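There is one chain below, alone, in structure tokens, taken in the form deposited in one PDB entry.
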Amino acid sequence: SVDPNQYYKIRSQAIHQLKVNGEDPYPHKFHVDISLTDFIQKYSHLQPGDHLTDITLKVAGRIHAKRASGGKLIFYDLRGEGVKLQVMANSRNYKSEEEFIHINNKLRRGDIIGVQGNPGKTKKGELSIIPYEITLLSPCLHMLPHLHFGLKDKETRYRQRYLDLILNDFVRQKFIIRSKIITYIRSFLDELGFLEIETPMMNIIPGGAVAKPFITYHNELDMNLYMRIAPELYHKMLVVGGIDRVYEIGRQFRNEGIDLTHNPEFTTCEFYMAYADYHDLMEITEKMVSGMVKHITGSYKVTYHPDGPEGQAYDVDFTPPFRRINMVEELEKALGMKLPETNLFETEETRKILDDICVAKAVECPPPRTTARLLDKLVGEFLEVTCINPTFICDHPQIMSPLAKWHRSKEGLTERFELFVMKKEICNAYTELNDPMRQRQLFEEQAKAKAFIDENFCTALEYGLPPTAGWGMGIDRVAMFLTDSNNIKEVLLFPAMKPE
């Protein structure tokens, strides 16, 4: 058999031969009279045997199958826009029989062609176009996988997305879903009077987050810049400036390991809303997420395959209202035991109480075994695994929530929630800090662990930030869950890949 390299060499020669022969297989243009989708909807009503010799139309697409029948009849499987239309190339209906031979002899599977012909339906009842003229618009120089075998190797799909999209329609449907999600988010927030904003992705200071950053050098400034991890601080500065409702769906950057659940660049949505608290955002999140799912999917009911198409299937019910649980209470109810008072979560006596609880319940916790990390491990093992449907986990302790405002009624807790779906977090929200002295404390304590402080942002707080609530969502993970992908590369058009 021919191998891929020999096929590519032979076909490049043929196309080169077409050029020198005055038949350049890359012509200036091909105006399409109608899309394949319109053609199918406009002419699906025809009866087996029909042929409209009175209507000539120009369509185009890519050849996926070429089946010769008798030598004066050829069938082409023409694909585009996720649909398919048969080209019944019948010599007697072509411009001329000599040209009919000439065009069929040059066309191969994968070629992009333009078809000018008549609508019709075969005797078997297959909607077809009877071509008067076929034009090779762009040839496929490479050998495509066997028809019906397709492209299944994930590494190849992710490194050649164009090939994945040529062969796999479900991949096209995935990225349509992803775009619909972002579009839906903008519609929802725009209708609530939020201003969609653009803030810097390059900053002079890295800031207090533990995340390892991308560093780049600015030659004109003789200075280093750091790629952003979140737009948070710029958004609140705009809230200080009087823009009460702001959101940004943008790229963030993390300089860490690349694998199936980690990409160096990713997409988040953050919004900040003056004079709201986390209960306001909870109601906002419920309506947005439930409405998104029903609008894009058709139902509140969604099935998801955490381990792959052949693995277990989980039914995820987005029917509002979402289940609401308070972290400490449900953790007590799930353990079947009373935990210490919430204002005692900083004493060492409660730390070992929790340490013992992890020992007794075989809950893994690597060092440091702090109260915060032990609680976090216990919650993930007793409360997050339970959250298959969308579930708000609420009122986290302060010792686990440094950035959030304190709870008004309950000592030691904060005004915070996390929305969990399929055991994973999909958005974070809490009432923000607006005391400039408290913000300076947090920046210094973050800096102490690093070894910077955003003095500009501290100054902005000194001018006055109103009470504000913040919200953040990972778009990629939402896209995974709504495209039934157990992998982040499935929802990234061009995922970062560890080089060959």
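In case it trips you up, residue 1 is the first one in the sequence shown, and so on.
A second form of this protein, the form deposited with a small molecule bound, is not displayed here; the remarks below concern that form.
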Subject >> The unique member of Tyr430, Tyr234, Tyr226, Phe75 whose heavy atoms fall within 4.5 Å of the small molecule in the bound PDB entry >> reply: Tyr430
**OP:** Name the single residue among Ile166, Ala230, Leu189, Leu331 that comes within 4.5 Å of the small molecule in the bound PDB entry, judging by heavy atoms.
**Re:** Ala230
**OP:** Name the stretch, out of 83 to 91, 125 to 133, 311 to 319, 265 to 273, where some heavy atom lies within 4.5 Å of the small molecule in the bound PDB entry.
**Re:** 265 to 273
Original post:
Does any heavy atom of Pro139 come within 4.5 Å of a heavy atom of the small molecule in the bound PDB entry?
Top reply: no
Original post:
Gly470: heavy atom within 4.5 Å of the small molecule in the bound PDB entry?
Top reply: yes
Original post:
Are any of the heavy atoms in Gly412 no more than 4.5 Å from a heavy atom of the small molecule in the bound PDB entry?
Top reply: no
**OP:** Would you please decide whether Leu195 lies within 4.5 angstroms of the small molecule in the bound PDB entry, comparing each non-hydrogen atom pair?
**Re:** no
